[PDB]
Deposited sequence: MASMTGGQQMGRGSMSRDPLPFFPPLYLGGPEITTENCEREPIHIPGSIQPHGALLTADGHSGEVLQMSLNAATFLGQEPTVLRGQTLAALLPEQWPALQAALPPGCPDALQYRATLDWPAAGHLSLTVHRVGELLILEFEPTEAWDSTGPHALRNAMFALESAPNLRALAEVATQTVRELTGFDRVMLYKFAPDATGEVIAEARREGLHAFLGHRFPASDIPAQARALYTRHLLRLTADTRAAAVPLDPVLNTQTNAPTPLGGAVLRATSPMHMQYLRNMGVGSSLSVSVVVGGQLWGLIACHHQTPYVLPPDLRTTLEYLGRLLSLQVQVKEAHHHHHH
C-alpha cells in the first residue's frame, strides 16, 4: 500500500477516485451502529475510549463508564481475557465470550500493541459439515468455486454470494456466483484492481473477514477519537464493528446492496480472492455464522491450494 493520508478527523484529504489507495481505512475513529466498542489498557484494564452509542448496549453511559477498570465491569472475563491475549500476541487472535447484561451479548476482544479492543453485539453451523465432502469431491477449481458459493448462500441466506479471484496484476474476476433468481449475472465479469485497492487487499491478508451490516447507517465515533495511550489514531483493522470506507459504501449503495460481507481466501500468505456476499436489505450476520464462515474460508483456502496447484495432472 502507498503511504496513507491522515484520516479526516486529523485534517486529511477528501477521498476521490484519484487518491483511493491512501485512504486510511483501518483508523476511521468510528464503528458501525449495530454494536458498541470499548478500548482498555492492556495492563491496568482501565477503559480509555468508548463508542458514544455504548449507552444503548451496556446500560450505564460514558458519563459514568470511562473511569473504572475491566476487572470491575467484566469480573468473570478479565482473568481469562488476560491469559488469552498476552502482550505480544498476534493481532488476529481474539477472545470470545457470550454474556448477558439485563439479554445475550457477544464479546469479542483482541489486542493491538498495548490496547485491548472490545466489541459488543446482540446474539443467541452443522449444515457445513454435511456439504463438507461436496467441497472435497469437487472435480476441479470451477466446481469447487460453485460449491463454495452455493454452500455460503445456504448458511447465510444472502441474496448473492460470489467467489472473486485476483489475477497476478490485481484485477478480479467473478468465477462463481450463487444468487437469488432474477438478477443480472456478474459471473465472468472482470473488474479493475482499484475496486479493492492495495491498502484494502493488505488489510485483507491479515484480517480475514469484514462486513457492512447496513449501507445507509451513520458511523458512530469513538470518544475520544484518539487512543489516550498514544495520542494517535486507534487501529480498528481487526475490529469487525469497524466503520467501512464511505467510498465503498457508495459503491454498495449503487448496486442496491443493503448489507455486505466478505471473507478472505489466502493461499500461502498471499491473498487469492474473496468470498463476497451481498444482501438487498440491512442485515447483521450473527457471530456464530460469522465463525462458521471464517472456518469455511480457511478450509476453502486450503482446498483451493491443493486443487489449483494440481491443475497439472
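Unmodelled regions of the deposited chain, listed from N- to C-terminal end, are 1-18, 121-122, 145-150, 340-341.
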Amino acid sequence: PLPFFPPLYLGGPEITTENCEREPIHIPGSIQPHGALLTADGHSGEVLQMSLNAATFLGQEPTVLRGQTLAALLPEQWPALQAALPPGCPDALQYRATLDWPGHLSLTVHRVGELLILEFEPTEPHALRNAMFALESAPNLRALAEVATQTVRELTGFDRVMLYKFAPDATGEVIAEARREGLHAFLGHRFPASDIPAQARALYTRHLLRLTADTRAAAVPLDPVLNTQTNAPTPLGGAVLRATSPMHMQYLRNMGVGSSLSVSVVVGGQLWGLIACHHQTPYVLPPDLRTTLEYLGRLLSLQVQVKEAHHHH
From here on, numbers count along this sequence of modelled residues.
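In this entry, 60-68 has the higher mean Cα B-factor, the comparison being between 60-68 and 257-265.
Between 129-137 and 81-89, it is 129-137 that carries the larger average Cα temperature factor according to the deposited entry.
Annotation for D169: C-alpha temperature factor in the lowest third relative to the rest of the modelled chain, per the entry. Per-chain ranking of the deposited C-alpha B factor places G29 in the middle third. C20: CA B factor in the lowest third of modelled residues in this chain (values from the PDB entry). Sorting the modelled residues of the chain by their CA temperature factor places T98 in the highest third. In the deposited entry, the Cα temperature factor of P287 places it in the highest third of its chain's modelled residues.
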